[PDB]
Ligand SMILES: O=C(Cc1cn2ccccc2n1)Nc1ccccc1
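Residue numbers (mature numbering (1 follows the signal peptide of the UniProt record, and there is no 0)): 70 to 399.
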């Protein structure tokens with residue numbers, strides 16, 4: 070089997086991407102944030118505290134003839150932005166782009182943090198990291214990908230995120246028309262539950278490539294590119310007037326600037342992030358100070374190849390017995 074679904078930016082800055090997902094019978098379609106940095110499929114629901122729901126579409130398990138309460142199971146998760154959610158668990162039929170899994174754990178939110186409430190466009194998350202990170206207790210549950218894997222034509226999914234435009238998540242096949250040149254594959258460590266890999270280095274604009282190992286995670290659920298302070302300083306030094314602002318919480322730059330590109334290494338290959346992918350716009354409405362898309366990972370404890378990096382590539386998440394990651398230009 071295979072599946073293919075379009076993923077759409079939630080706003081004009083590509084802050085996140087939503088993909089429609091069919092849950093239950095008859096189908097209830099919710100727009101989920103596909104997140105390769107976590108492993109829980111959770112949704113706004115009829116059980117979510119009413120004051121914490123503000124425009125989201127909810128899953129109502131009582132209206133699904135295939136929903137079954139997973140007795141005794143609860144979940145609770147936090148993310149790198151300090152947001153969180155928790156609740157109980159159903160199993161139900163879940164389809165993505167024509168690919169169907171029966172008995173998928175659908176984690177129903179009883180509580181969500183303010184950032185989720187305040188974002189009307191995201192109805193929940195669909196985790197695509199390794200199932201070892203799944204938070205369901207006392208019986209850990211499998212991701213949608215993990216459940217589907219054995220049925221897929223090939224045990225892979227691909228992320229093809231757009232810049233200010235829709236893109237595609239495919240399951241079970243590699244669309245050879247969706248990228249240019251070749252896909253370069255690179256080793257993955259699953260030891261922390263993430264799609265963790267090592268970039269071979271970077272360049273800033275037309276500058277020389279610096280060969281240096283940068284361990285990080287391929288994370289579709291994180292907006293920005295978070296890299297070591299040395300790398301980030303080298304990037305922003307090429308932008309006149311850019312500075313790190315403790316009050317704003319990162320590098321900002323004059324909105325009048327033309328940003329240089331940023332290249333990262335994948336083996337001997339190179340992925341180029343155009344400068345305008347790194348512009349996240351005014352820090353507040355009407356400001357001439359703009360927020361940068363490359364930020365320091367110091368304090369996070371891990372480097373994160375988030376959407377800013379991933380949307381410059383066609384990315385293969387290879388879930389073979391020994392997982393690997395593939396990157397191609399597009
Ligand atoms: O937390 C994540 C993945 C992530 C962040 N998110 C924020 C909002 C919505 C979804 C979502 N997913 N990645 C991460 C961050 C820090 C350290 C390790 C992984």
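The C-beta atom is built at its ideal place from N, Cα and C for all residues, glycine as well.
- [ ] Note the first and the last residue of the continuous beta strand (DSSP E) segment covering residue 304.
- [x] As a working mapping, residue 304 is identified with position 235 in the chain shown. Not the beta strand (DSSP E): residue 304 falls in the alpha helix (DSSP H), residues 298-305.
Task: Test item: CB-CB of residue 346 and residue 362 under 8 angstroms - done: As a working note, residue 346 is residue 277 in the chain shown. As a working note, residue 362 is residue 293 in the chain shown. Against a cut-off of 8 angstroms, the Cβ pair of residue 362 and residue 346 comes out as a contact.
- [ ] Compare the Cα-Cα distances from residue 382 to each of 392, 331, 73, 371 and report the closest residue.
- [x] Position 313 of the chain shown, counted from the start, is the residue given in the question as residue 382. Here the closest residue by C-alpha is 331.
Task: Cβ neighbours of residue 343 in the same chain (closer than 6 angstroms, five flanking residues each side left out) - done: What you label residue 343 is simply residue 274 of the chain shown in a count that begins at 1. If we look at residue 343 and ignore the five residues flanking it on each side, its Cβ neighbours are 330.
Task: CA nearest to the CA of residue 93, picked from 112, 108, 76 - done: If you number the chain shown from 1, residue 93 lands on position 24. Considering only 112, 108, 76, the residue with the shortest C-alpha distance to residue 93 is 112.
Open item on the list: Tell me the residue span of the alpha helix (DSSP H) that contains residue 142.
Closed with: Along the chain shown, one-based indexing puts residue 142 at 73. In the DSSP annotation of this structure, residue 142 is not part of any alpha helix (DSSP H); the continuous beta strand (DSSP E) holding it starts and ends at 137-147.
Open item on the list: I'd like to confirm the pairing. Which residues does DSSP put opposite residue 68 in its beta bridges?
Closed with: What is shown of the chain runs 70 to 399, which leaves residue 68 out entirely.
Open item on the list: Using only the alpha-carbon positions, how far apart do residue 140 and residue 236 sit?
Closed with: Numbered from 1 along the chain shown, position 71 holds the residue referred to as residue 140. Numbered from 1 along the chain shown, position 167 holds the residue referred to as residue 236. Computed Cα separation, rounded: 37 angstroms.
- [ ] Leaving out five residues on either side along the sequence, give the residues of the same chain with a beta carbon under 6 angstroms from the beta carbon of residue 293.
- [x] Position 224 of the chain shown, counted from the start, is the residue given in the question as residue 293. Closer than 6 angstroms at Cβ, skipping near neighbours: 362, 364, 375, 377.
Task: In DSSP terms, what residue 240 is bridged to - done: Stepping through the chain shown from its first residue, residue 240 is reached at position 171. Beta-bridge pairing links residue 240 to 72, 226.
Open item on the list: Taking 7 angstroms as the cut-off, is the C-beta of residue 290 nearer than that to any heavy atom in ligand 1?
Closed with: On the chain shown, residue 290 is found 221 positions in, with the first residue counted as 1. At least one heavy atom of ligand 1 is nearer than 7 angstroms to the Cβ of residue 290, so yes.
Open item on the list: Output needed for residue 157: all residues of its chain with C-beta closer than 6 angstroms, excluding positions within five of it in sequence on either side, in chain order.
Closed with: Position 88 of the chain shown, counting from 1, holds the residue named residue 157. A distance below 6 angstroms between beta-carbons, with the five flanking residues on each side excluded, links residue 157 to the following residues of its chain, in chain order: 143, 177.
Task: Three-state secondary structure assigned by DSSP to residue 260 - done: Looking up residue 260 in the chain shown gives position 191. Correct three-state label for residue 260: coil.
Open item on the list: Given this structure, state the Cα-to-Cα distance separating residue 260 from residue 369, to the nearest angstrom.
Closed with: The residue given as residue 260 occupies position 191 in the chain shown. The residue given as residue 369 occupies position 300 in the chain shown. Spanning the two alpha carbons is a distance of roughly 17 angstroms.
TODO: Go through its chain and collect everything with a Cβ distance to residue 78's Cβ below 6 angstroms, but skip five positions before and after it.
DONE: Your numbering for residue 78 matches position 9 in the chain shown. By the criterion of a C-beta distance shorter than 6 angstroms, residue 78 is surrounded in its chain by 86, once the five residues flanking it on both sides are discounted.
Task: Sub-8 angstroms separation of residue 165 and residue 213 beta-carbons - done: Along the chain shown, read from residue 1 onward, the residue named residue 165 stands at position 96. Along the chain shown, read from residue 1 onward, the residue named residue 213 stands at position 144. Yes, the pair counts as a contact, with Cβ atoms nearer than the cut-off.
Open item on the list: Using 8 angstroms as the cut-off, can you tell me whether the region 305-322 makes contact with the region 214-230, which would need three or more C-beta pairs spanning the two stretches below that distance?
Closed with: The region 305-322 makes no contact with the region 214-230, as fewer than three CB pairs between them are under 8 angstroms.
- [ ] Can you tell me the Cβ-Cβ gap for residue 394 and residue 264, rounded? I've got them flagged as a contact below 8 angstroms.
- [x] Along the chain shown, read from residue 1 onward, the residue named residue 394 stands at position 325. Along the chain shown, read from residue 1 onward, the residue named residue 264 stands at position 195. The beta-carbon distance between residue 394 and residue 264, rounded to whole angstroms, is 6 angstroms. This is short enough to meet the 8 angstroms contact definition.
Task: Supposed contact pair residue 396 and residue 340 - C-beta distance, whole angstroms, cut 8 angstroms - done: Along the chain shown, one-based indexing puts residue 340 at 271. Along the chain shown, one-based indexing puts residue 396 at 327. Contact holds; Cβ gap of about 6 angstroms.
Open item on the list: Taking the straight line between their C-alpha atoms, what separation do you get for residue 76 and residue 238?
Closed with: Counting from 1 along the chain shown, the entry for residue 76 is found at position 7. Counting from 1 along the chain shown, the entry for residue 238 is found at position 169. In this structure, the alpha-carbon of residue 76 lies about 7 angstroms from that of residue 238.
- [ ] Check the C-beta distance from residue 72 over to residue 199 and give it rounded, since I have them as a contact under 8 angstroms.
- [x] Translated into the one-based positions of the chain shown, residue 72 becomes position 3. Translated into the one-based positions of the chain shown, residue 199 becomes position 130. A Cβ-Cβ distance of about 20 angstroms is found for the pair residue 72 and residue 199, leaving them out of contact under the 8 angstroms criterion.
Open item on the list: Cutting at 7 angstroms between CB atoms, please list the residues of its own chain near residue 350, excluding the five before and the five after it.
Closed with: Taking the chain shown and counting its residues from 1, one reaches residue 350 at position 281. Close CB contacts of residue 350 within its chain, under the 7 angstroms cut and outside five residues either way in sequence, are with 82, 359, 360 (chain order).
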